[PDB]
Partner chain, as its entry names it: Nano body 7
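Have a look below at one chain only, the form solved without the partner chain, in structure tokens format.
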């Protein structure tokens, strides 16, 4: 029998291991020949595995690379202009890789060129609240200073935006052991911690969903008209470069000026964490100088797109997508995910060869240039937006399958909560101590829901990965799942070796998942979700779960506003319309659910399946959010302060943020009221899509 169990049983830990090894022997940086060859390999293999068609979709997009013969570095310079200390030109390569070529040295992708020289100011994590503290409380001015910020807490592009707005003339990012070195674990190669020479690569754009900087709204195809660089979207205006903690300690140790305001500003290095500006007296005439010579260049990228045509509803698409490009070897990011996709395709193809097809079409994607701003997924979705918005059922992401070995992590639309609970109750837990128990049982025990007893935590989607175009631009129900660390006992951010040369096959095989049991579990979750979405007669979405969360988010945004009771009185700021809409949505969803359970008629079914499919679509506002036209979902957007985090009722949230500091309160509260009206209207309009249709 060809059912979910058949699909799941065909998945093998040993195959995922073999694929991971295969994908991580050489670097696969976007835009390079090595990553085009891997695209061709995956295309060939997916054909072999049994997909109906497998094509490459290419685009020519703006990418950024260091200059191989003019390396980036930072100096401390003396009064004479002698560079008395220089940061490293590369990370010491790991054992057995010291002869691998084409390892890109650490750099911040899309940095402009420059050689700014100046006094340092230390800005903690460079968050909005860190700059508030510096400017408003400490009265420190960053204008014309080079800022040094520790990585962690928020997306690095928000740090750079924050520093630019503070007037910085350059930014130095570094990895503090406080945030990237777990106590009691050894540095790579002897454990999974970041060594002092390790450095985190990553782009520093602020694209807000636009995709390729030069072609917002349209695919970067063969005839595309491109903006000039000066009009490009999202590029930083000041040079930026990342360093490791051995080099950071040399830059921080001499810092003078003001003491850190409190302990939350102190990392773990043996330095005072003085804010500056500049160095202590004896070194007061020394300065820091950056030398950045990277160049931005339009470069071809390649997505692999595989199709498994549906037997009954070929014009409904369930998409499983993850990226293939990596900063270096991509041992965790992305190849731990790409190897799981590859095994999922193999398992679906095995059923296909035996005569099976899914009810709906499944599309499988190997995206390129994710690391440079979600470029491959976004350009493809721009090209195919009409097809996706009328036919797209769901998008399941597949980046890193592991960032720890403790329990499951799922982020998704509320429409998928019930599907995830049900699927995980049918899967076996891979956890020690949970032998013979369900994944739901282990997950719920280790990661309990904050709101509900006996249920596991499922988070909102943020951004910083390839589901962004599908969810926040196009309104297609989306989700992601991976294995993660224990958030209670672990204070570090992400995993320590993120975007470093040390993210290798050996890191995974030795330290994260030697048996590949957590990878297999993630393959079952991602693959199972795709299976259900593509095969279920009635789409496995529960609109009632959206109703529950909408009330939670309404309560939350009301609570923020109610910190300003005088202003709500003065400007007659009422949330009554939003609560009304949420009440209506709850009532209508309940009635729709009754009809759905209680309706042979394939028209009523598909009519009902379309109401389910277009429900996420109904939260899209075609005018977008203020100054962010590609974030169009009214319930969820990436936080304006941290792209990785999701924010609920973002238009109202950003209207309320720091409102007590606005110079014209009447105008500011007017915009809060406008955003309440937009959100209440959008929730009522989404509810009405679930009413009887005539």
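Residue numbers count along the first chain shown, from 1.
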Unresolved deposited residues lying between neighbours residue 599 and residue 600: 1 to 3
Residue range whose averaged C-alpha B-factor is higher in the record, 208-216 or 356-364: 356-364
245-253 or 607-615, whichever carries the higher mean Cα B-factor: 245-253
Of the residues 478, 86, 221, 111, the one carrying the largest Cα B-factor as recorded: 86
Out of 399, 382, 80, 542, residue topping the C-alpha B-factor column of the entry: 80
Entry-reported Cα temperature factor of residue 689, expressed as the chain third it lands in: lowest
Ranked C-alpha temperature factor of residue 26 among modelled chain residues, by third: middle
Assigned third (lowest, middle, highest) for the C-alpha B factor of residue 125: middle
For residue 66, the third of its chain into which the C-alpha B factor falls: middle
Cα B factor band for residue 632 (lowest, middle or highest third within the chain): lowest
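Absent from the display: the form solved in complex with the partner chain. The rest refers to it.
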Single option in 255, 582, 123, 529 placed near the partner chain in the deposited complex, where near means a heavy atom within 4.5 Å: 582
Contact residue in the deposited complex, chosen from 135, 509, 117, 555 - any heavy atom within 4.5 Å of the partner chain: 555
Interface membership of residue 455, the partner chain in the deposited complex, 4.5 Å heavy atom rule: no
Residue 228: touches the partner chain in the deposited complex, heavy atom cutoff 4.5 angstroms: no
Distance check, residue 566 to the partner chain in the deposited complex, heavy atom within 4.5 Å: yes
Heavy atom of residue 450 within 4.5 Å of the partner chain in the deposited complex: yes
The partner chain in the deposited complex: contacting segment from 430-438, 234-242, 574-582, 151-159, heavy atom within 4.5 Å: 574-582
Heavy atom contacts to the partner chain in the deposited complex at 4.5 Å, residues of 650-665 in sequence order: 660
